[PDB]
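**Student:** There's a structure below that I have some questions on.
Reconstructed Cβ throughout: ideal geometry from the backbone, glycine too, with neighbour counts over all protein chains shown. Throughout, read-outs are computed from the coordinates displayed, never taken from laboratory work.
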Amino acid sequence: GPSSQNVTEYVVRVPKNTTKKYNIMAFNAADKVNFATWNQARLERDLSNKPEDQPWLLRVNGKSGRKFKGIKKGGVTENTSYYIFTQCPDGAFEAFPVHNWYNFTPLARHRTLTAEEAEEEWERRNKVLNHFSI
Amino acid sequence: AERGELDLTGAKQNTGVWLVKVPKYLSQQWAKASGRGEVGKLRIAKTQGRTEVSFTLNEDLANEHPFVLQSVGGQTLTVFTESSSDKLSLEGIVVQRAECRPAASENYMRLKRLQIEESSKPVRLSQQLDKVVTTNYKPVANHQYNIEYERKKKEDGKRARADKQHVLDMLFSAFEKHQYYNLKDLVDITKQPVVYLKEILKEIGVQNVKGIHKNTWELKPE
Amino acid sequence: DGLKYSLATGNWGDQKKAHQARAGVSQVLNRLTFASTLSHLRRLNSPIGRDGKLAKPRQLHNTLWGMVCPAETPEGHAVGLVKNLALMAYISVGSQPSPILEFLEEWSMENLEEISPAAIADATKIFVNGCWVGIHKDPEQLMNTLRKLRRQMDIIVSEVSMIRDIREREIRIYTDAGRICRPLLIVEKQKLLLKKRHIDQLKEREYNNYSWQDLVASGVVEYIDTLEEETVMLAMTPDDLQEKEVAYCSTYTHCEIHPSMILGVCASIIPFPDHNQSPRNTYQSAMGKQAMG
Amino acid sequence: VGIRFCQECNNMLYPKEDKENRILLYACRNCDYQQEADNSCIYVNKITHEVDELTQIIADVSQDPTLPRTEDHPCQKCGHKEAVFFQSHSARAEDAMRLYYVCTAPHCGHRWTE
Amino acid sequence: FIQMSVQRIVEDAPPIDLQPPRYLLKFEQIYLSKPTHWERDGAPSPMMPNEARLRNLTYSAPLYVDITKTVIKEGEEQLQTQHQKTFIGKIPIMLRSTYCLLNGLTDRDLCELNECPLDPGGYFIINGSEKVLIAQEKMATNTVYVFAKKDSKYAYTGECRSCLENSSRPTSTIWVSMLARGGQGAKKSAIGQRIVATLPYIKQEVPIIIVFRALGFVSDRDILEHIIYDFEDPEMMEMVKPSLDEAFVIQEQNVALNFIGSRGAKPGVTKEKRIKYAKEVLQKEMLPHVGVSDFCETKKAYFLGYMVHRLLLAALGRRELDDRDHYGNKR
Ligand SMILES: [Zn+2]
Ligand SMILES: [Zn+2]
């Protein structure tokens, strides 16, 4: 087979400089997101925190077509750097440093804030259960 | 064209990228990348029952690393970027993850020696002194005291007591800015002593606390 | 005048706030006789209030096999709440557990962050100093390697204790301080790692400088703390059990140096202690804290 | 005895039903994904709780240095004649001095009770 | 204490900031010099111990730190003047220690100084009187222990002494009790046998699922696998389920923080403030050894789930309850 006899040899390069700081996007595979359905996307730092530390806000297919929140990982180069390896037309490999790791989680559709009154309603339901006796 | 606008080209191209974990000491070797940034040559050998990917350092960078392939399942990983021109771009989706380990050689012998060299700065230590260091010197005028003296002299305390009508016109300009004025702010405005300033302020109007303290001074209604 | 105040008055804490400060510590050394001086210097104090109605702590628990001298107990309101160490115990001084973590990195440890929550159930979870530090799939190997390491004085000091329990699959490696430790000999199959040549090197210590460090660094002695003592099988004497018959057991890992080193610095001045009643021997250690000389 | 988690909203599902077909259903209260209850059976409480330890014993107990090695009963599954015999080491201690034994032969683990 | 812990205590301490211009003080490496007593004239001099006992004199070695002072006065000019070896105080010294004066002197010498070679040492001559510090036993820390209280409604209760490693003295005791078949059943809502967790710096006991959600991991499935690792056991699902439905909609992490904030201190001032302290208290006060860093509370979650799981093991009888007298559970 071609892949069963795929012996090759290339040349690796980590350019000391890059005109595009490479990071990591991280959606879920249990979600099996069809990237083809992404006609467009918007990507902005999250506004709850009101920059480089800011969590990302991803808006795909419009403001409410698809939306995710990305949360930064604790560390990325604390012991070992992460590199992006890319194939070039000359066959040689090019390596790119990973600047950061962001975790993108599918956002709940309802969102909003339930508030203290909703918590109080749960407490009232608990009180009704407490009231029952003999 | 907007700042919060994300390019989806990479994704929509289904662009693939590779993800490799690299030790810091190697990564430190890589910050010294040879030439433009070339760090060496990769060696990929695939067989029917096995596949081997290896990296060898550039002769220059040097002055066999087998790869361990890792699963990327459980998390769809992609690579977004921020240009020097701050433009944003998605280069691709991660199709492979891997880790560079030693060739079944480095245990805790060569490692411990690299670690001994790695320690470099041990957390500091309590050293043993010989005899006793001098503690009390013989200064005549404390340095802090000498500095205030030059300032205390420069502006001899406060001032004298004269031209109250001329001062009143300046106070009236301050009163226009705020109907009630803090006494301390007025003290900064006038070089004359606080006691003399207070007498002029009492003449212009009775002090009013205003419930905020500071005895704010306001013009008399009369 | 904070350390002097506390080290003289014996009150542990700030001089002003005496609300949370215990006392009954930093007492004057007893110098009446040399034996009393040694006993006073080597003493623990279980810190429970004396009059909790129950007497659970005072009863000797079985886990004091050489950790504390059983005979030496004071009589009075302090009964069994002041114990003295056995002659060979050695409390740990304290180390940093960072080197050992780096070893398991090249020994197939998976940091918890990387591990999927799913795989945790099947394998065993190394815990270090009480902080979960990962999971390793085949436990025995890490252990068999770990002991080899402590035994040759490389990454881990003899003081680290590697305890591993089969039923719950947690290998906890504790490297903190204040852990009572007993040096015990190590035996492979049914053979003594200690061998004749070594005793010969120790006999001429004056010229060959073969110190106890050398005996340990040769891996013929190991410090087995109480947590390690939970998993191990010890033989009272090599002649008694490291020989074959219908053995009570054949898996003995460690055999004790001499059983009469489970008694402290003032019950070792007593000959034939087993022949005498045990209360009489306790009363005599108390009388020794009285004899002049 | 089992759980159902909302496939999408991800929440434990609850035994609900509709009078329309008098049919058992399991529904999350977080949102509306609901499915008819397939088991048709709900809460169960067992007081007797007679549980065989053969299930619980892990097979790794064979290597414990301390546990005994009798040669009396050879492995039924493999015939190595050595084994480790232990008592319950659990509660439900009203009637339990049984001797669950385990195959010690490396890589077997037959858990033969007796 | 001399060789290592003292350097660590001074080296690692809050930086001194005091500001217009501000003033910065940084401590460096502690030096400790052999014991010395300066007489009325003041020639500082050595104090062989025999004299200390006879002249009712405390044995103390001068401790000297080095402090560097850098000042920014809005002139954007830095002047880190360095003061070296500045007296901070004197520490008592054990006799026959690496840092005493009798260390390693051959017998002829100790005899010349009128000291006894056979004498053990290991005492502090404070106020001219030898003081021995009796080693005081302590309950062990860092281990989930399950101890069962006979009288209380809590059928079992698990605790973790919390210690953070040569850093800070305060130690916390998170408790993760279960309310199963204990004392009087009373009400406690429809739910029964609920896992409940007291925590550091709170007011009323907090339901466990909430704390987990508040740390995060809102997905009820995530909480479950963090505690019960294998879903195969039939008995396990029934045991973890009553408490699973404590209630919900506490799912927003912030909402959860608020519920715990309302479950804390006193009549809550404001949700924003309540969220702020509760948020920071969990990061430092709870499980400090597992998660000293505020970031990556992932480690804290695994340990919190572990205490809940170990309490379940005691309930189903898989692992026997722990002992309070074993000498391994004592430091
Ligand atoms: Zn739902
Ligand atoms: Zn078998």
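**Student:** Note down the relative contact order for chain C as a percent, whole number, built from C-alpha pairs under 8 angstrom at least six residues apart.
**Tutor:** 20
**Student:** Moving on to the next point. Of the listed pairs A:16/B:12; B:164/B:198; B:177/B:214; E:34/E:90, which have alpha-carbon separations greater than 20 Å here?
**Tutor:** A:16/B:12
**Student:** May I pose another question? Among A:40, A:87, A:108, pick out the residue whose Cα is farthest towards the positive end of the charge dipole of chain A, where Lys and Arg carry +1 and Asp and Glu carry -1 on C-beta, about the Cα centre.
**Tutor:** My answer, from the dipole projection, is A:40.
**Student:** Got a sec? How would A:132, D:86 order by Cβ neighbour count within 10 Å, fewest to most?
**Tutor:** Arranged by neighbour count, lowest to highest, A:132, D:86 become A:132, D:86.
**Student:** Something else now. Give the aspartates and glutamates whose C-alpha is closer than 14 Å to that of residue C:16, dropping any in the same chain fewer than 8 places away, or say none.
**Tutor:** C:1
**Student:** Here's a follow-up. When a/c reaches 1.5 or more, the comparison of a/b and b/c decides; with that in mind, is the range D:46-114 rounded, prolate or oblate per its Cα gyration tensor?
**Tutor:** In terms of gyration-tensor shape, prolate.
**Student:** Rounded to the nearest 500, what is chain C's calculated 222 nm mean residue ellipticity when only DSSP H runs of at least 4 contribute -39500 (n - 2.57) each, over all residues?
**Tutor:** Per the formula, -6500 deg cm²/dmol.
**Student:** Past 31 Å, Cα to Cα, is the threshold; run B:112/E:69; C:148/C:244; E:138/E:300; A:67/E:279 against it and keep the listed order.
**Tutor:** B:112/E:69
**Student:** In the protein assembly as shown, what percentage of the DSSP-assigned beta bridges are antiparallel, given to the nearest 5?
**Tutor:** For the protein assembly as shown, the DSSP antiparallel bridge percentage is about 90.
**Student:** So how do C:189-202, C:114-127 stack up, highest first, on mean other-Cβ count within 10 Å?
**Tutor:** Going from most to least packed, we get C:114-127, C:189-202.
**Student:** Still on this model: Please give the charge dipole size of the range C:141-200, origin at the Cα centre, charges +1 on K and R Cβ atoms and -1 on D and E Cβ atoms. Round to the nearest 20 debye.
**Tutor:** Charge dipole of the range C:141-200: 360 debye, to the nearest 20.
**Student:** A further question follows. Sorted from fewest to most neighbouring beta carbons within 10 Å, what does the list C:266, E:163, D:31 look like?
**Tutor:** D:31, E:163, C:266
**Student:** Mind checking the dipole of the range D:46-114: about its Cα centre, +1 per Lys or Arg Cβ, -1 per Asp or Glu Cβ, Debye to the nearest 20?
**Tutor:** So the dipole magnitude of the range D:46-114 works out to roughly 160 debye.
**Student:** Points 7 angstrom from Cα along the Cβ direction at residue E:186 and residue D:69: gap in nanometres?
**Tutor:** It is 5.6 nm.
**Student:** Considering only D:83, D:70, D:108, whose Cα is most displaced toward the positive end of the charge dipole of the range D:46-114, charges sitting on Cβ of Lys, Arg (+1) and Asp, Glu (-1)?
**Tutor:** D:108
**Student:** Over all directions, how big on average is the projection of the convex hull of the alpha-carbon atoms in the protein assembly as shown, in square nanometres?
**Tutor:** For the Cα atoms of the protein assembly as shown, the hull's average projected area reads 67.6 nm².
**Student:** For residue E:316 and residue B:184, FRET efficiency with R0 = 60 Å and r from the beta-carbon atoms, rounded to 0.05?
**Tutor:** With a Förster radius of 60 Å, E is 0.25.
**Student:** I need the calculated FRET efficiency for the pair residue C:167 and residue E:168, taking r as the beta carbon distance and R₀ as 35 Å, to the nearest 0.05.
**Tutor:** 0.50
**Student:** Assign one of three labels to the range C:22-107, namely rounded, prolate or oblate, based on the Cα gyration tensor with a ≥ b ≥ c the square roots of its eigenvalues; rounded applies when a/c is under 1.5, prolate when it is not and a/b is larger than b/c, and oblate otherwise.
**Tutor:** prolate
**Student:** Would you mind putting E:131-144, A:51-64 in packing order, based on average other-beta-carbon counts within 10 Å, highest first?
**Tutor:** Averaged packing, sorted descending, gives the order E:131-144, A:51-64.
**Student:** Now for a separate question. What is the magnitude of the charge dipole of chain A about its Cα centre, with +1 placed on the Cβ of each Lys and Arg, -1 on the Cβ of each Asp and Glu, and no other charges, expressed in debye to the nearest 20?
**Tutor:** So the magnitude is around 400 debye.
**Student:** At a 10 angstrom cut-off on C-beta neighbours, averaged per residue, how do the peptides D:91-101, E:219-229 rank from highest to lowest?
**Tutor:** Peptide ranking by packing, descending: E:219-229, D:91-101.
**Student:** Does chain E come out rounded, prolate or oblate, given a ≥ b ≥ c as the square roots of the eigenvalues of its C-alpha gyration tensor, rounded meaning a/c under 1.5 and, failing that, prolate meaning a/b above b/c?
**Tutor:** oblate
**Student:** Per-residue Cβ counts within 10 Å, from other chains only, averaged over A:87-95: what number is that?
**Tutor:** Mean inter-chain Cβ contacts per residue within 10 Å come to 3.
**Student:** Also, quick follow-up: Considering the options C:242, E:277, B:180, tell which one lies farthest towards the positive end of the dipole of the protein assembly as shown, charges being +1 on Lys and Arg and -1 on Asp and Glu at the Cβ, about the Cα centre.
**Tutor:** Value: B:180.
**Student:** Shielding by partners for A:112-120, please: the mean number of other protein chain Cβ atoms within 10 Å of each residue's Cβ.
**Tutor:** The mean count of partner-chain Cβ atoms within 10 Å per residue comes to 4.
**Student:** Express the relative contact order of the range D:46-114 as a whole percentage, based on alpha carbon pairs under 8 Å and six or more residues apart in sequence.
**Tutor:** 29
**Student:** Dividing the Cα radius of gyration by the Kirkwood radius, what Rg/Rh value follows for chain A?
**Tutor:** For chain A, the value is 1.19.
**Student:** Write down the percent of antiparallel bridges among all DSSP beta bridges whose residues are both part of the range B:1-104, to the nearest 5.
**Tutor:** So the antiparallel bridges amount to about 75 percent of the total.
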